[PDB]
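K.L.:
A single structure is presented below for examination.
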Amino acid sequence: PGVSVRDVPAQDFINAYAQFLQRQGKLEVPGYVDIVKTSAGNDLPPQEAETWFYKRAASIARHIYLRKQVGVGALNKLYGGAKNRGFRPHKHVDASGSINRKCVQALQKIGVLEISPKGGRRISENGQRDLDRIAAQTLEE
Amino acid sequence: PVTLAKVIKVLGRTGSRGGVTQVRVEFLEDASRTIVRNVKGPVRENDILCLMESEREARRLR
Amino acid sequence: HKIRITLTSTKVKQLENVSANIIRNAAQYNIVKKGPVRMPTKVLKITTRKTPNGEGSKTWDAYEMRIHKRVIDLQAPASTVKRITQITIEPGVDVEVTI
Amino acid sequence: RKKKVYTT
Amino acid sequence: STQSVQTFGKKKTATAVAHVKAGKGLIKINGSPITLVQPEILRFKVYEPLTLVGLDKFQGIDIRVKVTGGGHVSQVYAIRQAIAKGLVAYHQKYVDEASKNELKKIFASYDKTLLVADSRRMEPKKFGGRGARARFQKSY
Amino acid sequence: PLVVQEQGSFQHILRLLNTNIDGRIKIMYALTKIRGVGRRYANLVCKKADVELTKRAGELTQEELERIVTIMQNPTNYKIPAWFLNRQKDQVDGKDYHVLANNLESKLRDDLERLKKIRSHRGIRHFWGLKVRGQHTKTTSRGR
Amino acid sequence: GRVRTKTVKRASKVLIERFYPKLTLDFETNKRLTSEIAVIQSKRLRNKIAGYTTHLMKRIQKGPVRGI
Amino acid sequence: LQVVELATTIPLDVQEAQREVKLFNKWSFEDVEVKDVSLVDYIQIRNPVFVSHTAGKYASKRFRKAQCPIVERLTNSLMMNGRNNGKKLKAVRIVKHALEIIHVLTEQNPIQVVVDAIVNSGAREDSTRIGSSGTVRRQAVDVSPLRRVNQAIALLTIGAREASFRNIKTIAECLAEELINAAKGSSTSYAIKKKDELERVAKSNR
Amino acid sequence: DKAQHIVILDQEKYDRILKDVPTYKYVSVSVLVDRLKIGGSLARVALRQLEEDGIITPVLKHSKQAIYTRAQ
RNA sequence: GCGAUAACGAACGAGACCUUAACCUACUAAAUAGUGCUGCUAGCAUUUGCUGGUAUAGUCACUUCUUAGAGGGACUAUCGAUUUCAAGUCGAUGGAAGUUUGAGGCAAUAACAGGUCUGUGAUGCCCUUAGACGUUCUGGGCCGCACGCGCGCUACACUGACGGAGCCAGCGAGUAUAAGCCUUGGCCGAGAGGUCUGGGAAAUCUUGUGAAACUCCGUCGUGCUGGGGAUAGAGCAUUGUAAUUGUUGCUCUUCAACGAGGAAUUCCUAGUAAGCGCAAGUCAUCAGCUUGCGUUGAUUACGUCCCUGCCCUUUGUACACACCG
Ligand SMILES: [Mg+2]
Ligand SMILES: [Mg+2]
Ligand SMILES: [Mg+2]
Ligand SMILES: [Mg+2]
Ligand SMILES: [Mg+2]
Ligand SMILES: [Mg+2]
Ligand SMILES: [Mg+2]
Ligand SMILES: [Mg+2]
Ligand SMILES: [Mg+2]
Ligand SMILES: [Mg+2]
Ligand SMILES: [Mg+2]
Ligand SMILES: [Mg+2]
Ligand SMILES: [Mg+2]
Ligand SMILES: [Mg+2]
Ligand SMILES: [Mg+2]
Ligand SMILES: [Mg+2]
Ligand SMILES: [Mg+2]
Ligand SMILES: [Mg+2]
Ligand SMILES: [Mg+2]
Ligand SMILES: [Mg+2]
Ligand SMILES: [Mg+2]
Ligand SMILES: [Mg+2]
Ligand SMILES: [Mg+2]
């Protein structure tokens with residue numbers, strides 16, 4: 001029997017793929033990661049300032065692995081949450097488009113995903129190869 | 001010195017709003033000295049309710 | 001050809017009579033058929049206020065308009081399929097034939 | 001009460 | 001073909017469709033082992049139909065379910081029903097039904113919802129209030 | 001990432017930009033006592049000064065403290081975006097600024113009289129002490 | 001409550017006065033029997049009438065019932 | 001006793017549940033018994049469950065609530081005060097932690113203390129009011145076992161809620177303190193103060 | 001306004017901690033704050049290290065609740 | 001309804017009826033629904049296995065899930081209790097469903113000076129009708145603020161806030177020479193938003209509307225504190241001829257009352273209450289509003305006439321325009 005992405009916990013797989021992508025260092029991180037908030041509905045920037053971009057990229061790659069041609073508009077809806085309108089009731093607002101779009105461009109340029117026909121972004125021929133290894137080095141403990 | 005009395009017959013709802021029920025109790029030991037008492041919560045027959053005091057019967061409530 | 005016939009109406013008995021009669025006519029005639037395919041019926045709902053004015057308890061009407069759509073695929077030449085449509089004309093059901 | 005009065 | 005029966009479990013709107021194949025005892029939820037269904041405080045709800053009868057019955061069969069609709073909790077009750085329903089339906093068809101009647105007694109004696117779908121659905125909302133029974137506060 | 005001890009280096013009361021800061025508050029949220037310094041702004045200057053947020057206010061040395069007051073007073077020189085600033089596209093010189101504790105209310109008034117000097121509608125309503133942005137007053141703001 | 005109405009009580013006891021030998025103590029058999037005996041417009045009412053005729057038949061074997 | 005190997009590997013500890021069904025796979029119902037003859041039939045510990053979440057229909061008929069597990073009735077009463085209604089998974093997590101804290105403390109069976117704390121919390125005589133359209137005339141009457149049992153759960157959880165308000169102690173461990181103290185009949189606990197005051201007033205009406 | 005829990009750990013407080021925490025039936029986030037008069041954030045870092053040194057055995061690990069007991 | 005019976009035998013209303021939700025491996029089919037195999041194909045351990053993509057020619061098979069038409073199914077069925085042994089009621093068992101199965105639609109005989117002539121090219125009469133009270137244009141107002149009241153939304157924190165991560169519904173709507181619909185995908189932009197292409201008059205595309213509560217891991221640590229986010233300054237976009245009296249959205253800063261609320265008082269019995277969002281209506285732009293929908297999901301009765309309102313009988317009446325007599 002083999003190991004797949006679906007055979008590993010979502011929560012501890014992403015912190016493990018996130019740690020690996022930072023020490024490897026080839027993921028290109030945009031220069032505003034220390035300034036911006038993930039969503040317009042959020043009110044504060046991420047608490048893990050140095051590493052938050054890598055962990056989010058690990059989540060995006062894994063999320064795209066389990067699906068087919070996910071677009072950039074769909075990633076903003078997924079990570080968006082309820083906005084704290086002051087006295088008005090809460091509502092769902094999408095996440096930042098640039099942060100997710102830059103991430104897919106950065107992950108596409110490190111080789112894990114690529115633009116699929118009929119829109120979206122499939123996971124790459126090598127994207128399956130190298131995510132499934134991370135799954136194996138996840139379950140040895 | 002509390003005494004326990006198994007219920008043998010639900011007579012009916014009493015009290016102004018109907019929130020308390022008259023019941024006919026039978027003692028677990030010495031299966032006699034059957035007494036009529038009022039109970040607050042919902043009651044079917046054969047529920048064993050303990051009595052802080054035994055020597056007092058009950059009649060209709062206002 | 002592969003010819004598709006789309007059936008829509010508000011009332012189902014006359015639509016279903018036409019649907020069954022065409023398949024029946026597509027049965028004695030040795031024509032391969034696919035259908036009828038029952039599309040999820042559409043409930044056109046309009047919720048108005050009962051009061052023409054604005055007095056009384058706030059009571060509402062809830063009107064409805066059921067729309068049923070069925071498509072049947074027939075594999076026959078276009079001349080054969082078209083004469084079936086005029087044999088099975090019913091006022092309620094409208095018919096469109098698309099290749 | 002009411003009754004239109006003009007200025008020009 | 002092979003030893004196949006197909007069944008489904010339901011909750012309010014969630015529906016879990018079970019495929020029961022002959023095999024090594026592979027049990028997956030949407031392609032993932034049941035050991036990792038995120039409603040975790042409730043992971044034993046789907047472990048219940050397994051441990052009550054014993055995991056040895058699942059040596060020869062593998063189960064892959066597809067659950068859609070409903071919510072996170074509503075999906076667990078639909079999933080545990082589809083698997084339980086699948087084991088009984090497999091036994092009626094490829095083993096004697098006397099054993100099938102054995103499995104059916106324990107499931108029902110423990111929890112009816114393992115085999116019988118729960119009929120509760122949401123009551124429609126009526127005007128004059130924000131809910132099925134709740135009404136707008138009245139003022140005089 | 002585990003427990004450490006120190007003696008005599010902690011400072012209970014800080015004084016920055018003529019405002020008193022409690023030294024036992026986390027540094028990012030301690031600076032928010034400075035008027036003109038919100039949670040979003042204090043979070044960024046600490047990250048620009050390489051001052052780790054896991055530190056209380058009293059833990060910082062003066063060199064670090066001086067490194068923060070320079071950045072808040074000169075944000076654009078320290079890669080702090082203009083849209084992130086308090087008072088951007090200034091009225092008189094047209095440049096991007098960020099006013100602080102005593103300067104904020106001085107230039108906020110100067111904006112108010114500048115409204116009153118032109119006899120604008122918004123400046124007048126500020127004078128009356130009412131809401132200026134079109135809120136209904138029939139039923140709200142009845143306190144004093 | 002589950003109180004049967006007059007359209008079912010008098011209609012159920014007329015069945016007994018006219019077709020008692022063919023009737024029975026089984027609701028399922030009576031329900032099928034009443035589809036050829038009475039012209040009932042709705043299925044639920046057919047089952048309702050047959051369900052009350054069976055109850056009356058089950059009661060006649062314990063003695064004579066009043067009104068039939 | 002044998003370990004059964006499946007294609008989807010199943011951890012060793014959780015499969016050691018085929019022998020016995022235990023709450024959170026940690027707590028056994030075998031050694032728990034109600035130390036009250038009068039509440040045995042309305043505190044339900046005979047049918048074991050793994051997690052205190054069954055989503056059953058106990059509101060259809062009249063006494064179906066008594067057949068619900070006593071722990072599920074407890075986790076049901078936790079979700080109160082508006083903002084917590086419907087948050088059962090939170091209630092099970094809260095109950096689950098309380099049981100662990102009750103185990104490290106007093107070292108007894110956590111589900112035994114729950115039954116003892118509930119039996120020790122129900123007032124045996126309450127003074128119902130019999131006012132004839134306004135006048136004060138209370139009369140002391142007895143309390144049935146179900147209202148005695150289910151008011152204990154209401155009082156036990158109500159006291160824990162208020163003790164955890166504006167308090168660093170978590171609700172699970174405010175509940176743990178509330179449950180142990182009521183279990184030992186201690187007057188420090190809420191719902192024992194309340195139970196004592198009702199039975200004291202009822203004696204002052206007969 | 002009466003809390004004023006200590007947030008800076010000195011050495012007298014440090015070794016008194018290592019002298020008192022072992023003599024606890026049950027320790028958690030609230031227990032260190034309640035009885036050692038230390039702050040909540042300092043308590044969370046104290047439990048995660050004392051566990052790595054073996055004085056305290058993890059009964060249960062969770063973000064909102066940390067249930068611990070003595071190792072003796 | 002049973003029963004008693006100078007009544008007997010009937011009608012409307014109730015009930016029946018209709019719509020909707022829950023069951024059908026029993027029929028009818030489905031390339032606008034889904035599945036197994038099979039072509040071709042990817043990743044991981046090599047045991048033949050586990051996850052995928054592709055597939056409107058594999059010119060496959062099938063209808064469990066999905067859709068909808070013809071039916072079936074529940075009648076309180078069977079058995080125990082109580083009852084005038086009647087109508088019935090309460091328990092179990094079976095069952096998808098045993099509170100009229102849940103919820104609605106329709107709904108009698110009359111009646112109220114109830115509300116609408118501001119929905120009507122529905123109307124009688126009265127008023128106006130060329131300096132119009134008609135109609136139209138420009139601008140303002142309907143938002144105006146010492147105050148009283150009603151339907152509500154946020155909250156007063158730790159059963160919590162943030163910060164990451166997990167990630168599930170159902171009801172619906174959608175355009176052309178327009179006067180512009182739903183809008184994916186790509187590219188810019190911190191955001192709001194912009195731009196370039198494409199699909200969909202629709203079970204096909206938006207869309208699995210990847211919604212929010214919720215769950216996990218962290219920071220916070222009882223502090224008007226990282227609760228709460230009014231009020232306001234400065235700036236960036238969107239709709240619109242036109243935003244000033246900020247239409248709306250976004251960024252930074254400002255961060256008020258509020259520390260669970262007196263007398264009183266509202267709604268509610270099971271997928272119900274409570275939370276939590278989403279769609280449709282209004283809509284060039286604006287939803288703290290309604291109409292629905294689903295997600296999470298209880299406590300407590302299953303009783304009474306004590307309060308409040310209504311219905312029936314008896315009774316008094318100088319009322320019948322009927323006590324507003
Ligand atoms: Mg776009
Ligand atoms: Mg989300
Ligand atoms: Mg999220
Ligand atoms: Mg909030
Ligand atoms: Mg207003
Ligand atoms: Mg079917
Ligand atoms: Mg009417
Ligand atoms: Mg009126
Ligand atoms: Mg009119
Ligand atoms: Mg108005
Ligand atoms: Mg209203
Ligand atoms: Mg959250
Ligand atoms: Mg859907
Ligand atoms: Mg504050
Ligand atoms: Mg806040
Ligand atoms: Mg806008
Ligand atoms: Mg709208
Ligand atoms: Mg409105
Ligand atoms: Mg009643
Ligand atoms: Mg009654
Ligand atoms: Mg009365
Ligand atoms: Mg008189
Ligand atoms: Mg007269």
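To be explicit about the labels: the chains of the structure tokens are called A, B, and onward in the order shown, and within each one the residues are counted from 1, while ligands get numbers from 1 in the order they are shown.
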Could you tell me, counting only C-alpha atoms (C1' of nucleotides) and all ligand atoms, which protein and nucleic acid residues lie no more than 10 Å from ligand 12, written as number ranges by chain?
P.N.:
A: 81-82; J: 161-164, 213-215
K.L.:
Just to be explicit: take each residue in the selection above, keep N, CA and C atoms (P, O5', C5', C4', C3', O3' and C1' of nucleotides), and write the result as a PDB file, in the first residue's frame.
P.N.:
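And here's again-v6.pdb as it stands now:
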ATOM      1  N   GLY A  81     -13.954  35.296   5.655  1.00  0.00           N
ATOM      2  CA  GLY A  81     -14.750  34.986   6.821  1.00  0.00           C
ATOM      3  C   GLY A  81     -15.807  36.028   7.105  1.00  0.00           C
ATOM      4  N   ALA A  82     -16.355  36.004   8.315  1.00  0.00           N
ATOM      5  CA  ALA A  82     -17.388  36.954   8.700  1.00  0.00           C
ATOM      6  C   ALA A  82     -16.771  38.285   9.107  1.00  0.00           C
TER       7      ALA A  82
ATOM      8  P     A J 161     -16.142  35.504  20.140  1.00  0.00           P
ATOM      9  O5'   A J 161     -15.627  36.972  20.468  1.00  0.00           O
ATOM     10  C5'   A J 161     -15.083  37.803  19.460  1.00  0.00           C
ATOM     11  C4'   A J 161     -13.876  38.540  19.975  1.00  0.00           C
ATOM     12  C3'   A J 161     -12.680  38.564  19.046  1.00  0.00           C
ATOM     13  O3'   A J 161     -12.796  39.575  18.066  1.00  0.00           O
ATOM     14  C1'   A J 161     -11.975  38.005  21.240  1.00  0.00           C
ATOM     15  P     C J 162     -13.283  39.212  16.580  1.00  0.00           P
ATOM     16  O5'   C J 162     -12.071  39.744  15.707  1.00  0.00           O
ATOM     17  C5'   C J 162     -11.038  38.863  15.315  1.00  0.00           C
ATOM     18  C4'   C J 162      -9.740  39.172  16.019  1.00  0.00           C
ATOM     19  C3'   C J 162      -8.529  38.528  15.379  1.00  0.00           C
ATOM     20  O3'   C J 162      -8.040  39.307  14.310  1.00  0.00           O
ATOM     21  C1'   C J 162      -8.511  38.050  17.686  1.00  0.00           C
ATOM     22  P     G J 163      -8.079  38.701  12.833  1.00  0.00           P
ATOM     23  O5'   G J 163      -6.537  38.581  12.469  1.00  0.00           O
ATOM     24  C5'   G J 163      -5.568  38.389  13.489  1.00  0.00           C
ATOM     25  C4'   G J 163      -4.711  37.190  13.205  1.00  0.00           C
ATOM     26  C3'   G J 163      -5.276  36.210  12.196  1.00  0.00           C
ATOM     27  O3'   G J 163      -5.107  36.618  10.853  1.00  0.00           O
ATOM     28  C1'   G J 163      -4.443  35.031  14.060  1.00  0.00           C
ATOM     29  P     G J 164      -5.494  35.613   9.664  1.00  0.00           P
ATOM     30  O5'   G J 164      -4.214  34.679   9.504  1.00  0.00           O
ATOM     31  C5'   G J 164      -4.277  33.523   8.688  1.00  0.00           C
ATOM     32  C4'   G J 164      -3.529  32.356   9.278  1.00  0.00           C
ATOM     33  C3'   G J 164      -4.078  30.997   8.892  1.00  0.00           C
ATOM     34  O3'   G J 164      -3.662  30.597   7.603  1.00  0.00           O
ATOM     35  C1'   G J 164      -3.708  31.055  11.220  1.00  0.00           C
ATOM     36  P     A J 213     -17.894  32.473  11.670  1.00  0.00           P
ATOM     37  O5'   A J 213     -18.975  32.719  12.815  1.00  0.00           O
ATOM     38  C5'   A J 213     -18.943  31.979  14.023  1.00  0.00           C
ATOM     39  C4'   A J 213     -20.302  31.435  14.394  1.00  0.00           C
ATOM     40  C3'   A J 213     -20.294  30.134  15.176  1.00  0.00           C
ATOM     41  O3'   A J 213     -20.055  30.338  16.554  1.00  0.00           O
ATOM     42  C1'   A J 213     -21.864  29.975  13.424  1.00  0.00           C
ATOM     43  P     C J 214     -18.738  29.713  17.229  1.00  0.00           P
ATOM     44  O5'   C J 214     -18.695  28.208  16.709  1.00  0.00           O
ATOM     45  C5'   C J 214     -19.706  27.266  17.045  1.00  0.00           C
ATOM     46  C4'   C J 214     -19.601  26.036  16.177  1.00  0.00           C
ATOM     47  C3'   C J 214     -18.264  25.308  16.260  1.00  0.00           C
ATOM     48  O3'   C J 214     -18.119  24.459  17.379  1.00  0.00           O
ATOM     49  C1'   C J 214     -18.863  25.551  14.006  1.00  0.00           C
ATOM     50  P     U J 215     -16.952  24.702  18.454  1.00  0.00           P
ATOM     51  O5'   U J 215     -15.790  23.736  17.942  1.00  0.00           O
ATOM     52  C5'   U J 215     -16.069  22.384  17.599  1.00  0.00           C
ATOM     53  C4'   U J 215     -14.990  21.796  16.721  1.00  0.00           C
ATOM     54  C3'   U J 215     -13.570  22.148  17.128  1.00  0.00           C
ATOM     55  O3'   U J 215     -13.091  21.308  18.160  1.00  0.00           O
ATOM     56  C1'   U J 215     -13.821  22.467  14.800  1.00  0.00           C
TER      57        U J 215
END
K.L.:
Give the residues close to ligand 1, within 12 Å, counting only C-alpha atoms (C1' of nucleotides) and all ligand atoms; write them as a PyMOL selection string.
P.N.:
(chain A and resi 71-74+76+97-98+101) or (chain J and resi 183-188+193-198)
K.L.:
Please find the residues contacting ligand 20 at a distance of at most 12 Å between atoms, with only C-alpha atoms (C1' of nucleotides) and all ligand atoms counted, and report them as a list in words.
P.N.:
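The residues within 12 Å of ligand 20, counting only C-alpha atoms (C1' of nucleotides) and all ligand atoms, are residues 12, 13 and 18 of chain B; 1 of chain G; 89, 90, 302, 303 and 304 of chain J.
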K.L.:
Fewer than 4 positions away in the same chain doesn't count, so skip those; otherwise give me all residues within 9 Å of range 47-55 of chain A, counting only C-alpha atoms (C1' of nucleotides), as a list in words.
P.N.:
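Counting only C-alpha atoms (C1' of nucleotides), the residues come to residues 14, 15, 16, 17, 18, 19, 20, 21, 22, 27, 29, 33, 34, 59, 60, 99 and 103 of chain A; 47 of chain F; 163, 164, 165, 218 and 219 of chain J.
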K.L.:
Just list as JSON, numbers by chain whatever in range 8-116 of chain F DSSP marks as alpha helix (DSSP H).
P.N.:
{"F": [27, 28, 29, 30, 39, 40, 41, 42, 43, 44, 45, 46, 47, 48, 62, 63, 64, 65, 66, 67, 68, 69, 70, 71, 72, 73, 101, 102, 103, 104, 105, 106, 107, 108, 109, 110, 111, 112, 113, 114, 115, 116]}
K.L.:
For chain H, list the residues within 7 Å of chain B, counting only C-alpha atoms, and write the list as JSON, numbers by chain.
P.N.:
{"H": [38, 124, 130, 132, 141, 142, 143, 144, 145, 146, 147]}
K.L.:
Can you check which residues of chain F have any atom within 7 Å of chain J? Use only C-alpha atoms (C1' of nucleotides) and format it as a PyMOL selection string.
P.N.:
chain F and resi 36-38+83-89+108+133-134+136-138
K.L.:
Take the residues that were just selected and, keeping C-alpha atoms, output them as a compact mmCIF listing (two decimals), in the first residue's frame.
P.N.:
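Below is the file that was written, out.txt:
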# COMPACT_ATOMS: atom_id res chain seq x y z
CA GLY F 36 -2.56 58.35 16.93
CA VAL F 37 -1.17 54.81 17.42
CA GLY F 38 -3.72 52.09 16.80
CA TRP F 83 -2.16 54.55 2.48
CA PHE F 84 -1.28 53.18 5.93
CA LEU F 85 -0.75 56.69 7.29
CA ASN F 86 -2.91 58.87 9.54
CA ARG F 87 -2.97 62.18 7.66
CA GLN F 88 -2.18 61.56 3.98
CA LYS F 89 -2.26 64.17 1.21
CA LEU F 108 -7.51 68.04 13.96
CA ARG F 133 -22.33 62.83 8.43
CA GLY F 134 -26.08 62.93 7.84
CA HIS F 136 -30.84 61.17 11.84
CA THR F 137 -31.02 63.09 15.14
CA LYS F 138 -34.78 62.75 15.69
K.L.:
Could you list, as a PyMOL selection string, all residues that come within 12 Å of ligand 21? Count only C-alpha atoms (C1' of nucleotides) and all ligand atoms.
P.N.:
(chain B and resi 16-17) or (chain H and resi 133) or (chain J and resi 304-310)
K.L.:
Could you list, as a list in words, all residues that come within 10 Å of ligand 23? Count only C-alpha atoms (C1' of nucleotides) and all ligand atoms.
P.N.:
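Based on only C-alpha atoms (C1' of nucleotides) and all ligand atoms, ligand 23 is surrounded within 10 Å by residues 318, 319, 320 and 322 of chain J.
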K.L.:
Can you pull out every residue with an atom within 9 Å of ligand 18? Use only C-alpha atoms (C1' of nucleotides) and all ligand atoms and format it as a list in words.
P.N.:
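Using only C-alpha atoms (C1' of nucleotides) and all ligand atoms, I find these residues within 9 Å of ligand 18: residues 282, 287, 289 and 290 of chain J.
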K.L.:
Dump the neighbourhood of ligand 6 as an MDAnalysis selection string: all residues within 12 Å, distances computed on only C-alpha atoms (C1' of nucleotides) and all ligand atoms.
P.N.:
(chainID E and resid 7:8) or (chainID J and resid 24:30 33:34 62:68)
K.L.:
Any idea what's packed within 8 Å of residue 65 in chain A, counting only C-alpha atoms (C1' of nucleotides), ignoring anything in its chain fewer than 3 positions away? Could you give it as a list in words?
P.N.:
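In the requested form, the answer reads residues 61, 62, 68, 122, 123 and 128 of chain A.
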K.L.:
Show me which residues are within 7 Å of ligand 3 counting only C-alpha atoms (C1' of nucleotides) and all ligand atoms, and format the list as a PyMOL selection string.
P.N.:
chain A and resi 78-81
K.L.:
Please, could you write that set of residues out with C-alpha atoms as a PDB file, in the first residue's frame?
P.N.:
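Heads up, here's the output in out-v4.pdb:
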ATOM      1  CA  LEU A  78     -12.649  29.938   0.847  1.00  0.00           C
ATOM      2  CA  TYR A  79     -10.388  31.832   3.249  1.00  0.00           C
ATOM      3  CA  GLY A  80     -12.748  34.749   3.649  1.00  0.00           C
ATOM      4  CA  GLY A  81     -14.750  34.986   6.821  1.00  0.00           C
TER       5      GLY A  81
END
K.L.:
Please, which residues have at least one atom within 12 Å of an atom of ligand 9, using only C-alpha atoms (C1' of nucleotides) and all ligand atoms, listed as a VMD selection string?
P.N.:
(chain C and resid 51 to 54) or (chain J and resid 115 to 120 122 to 123)
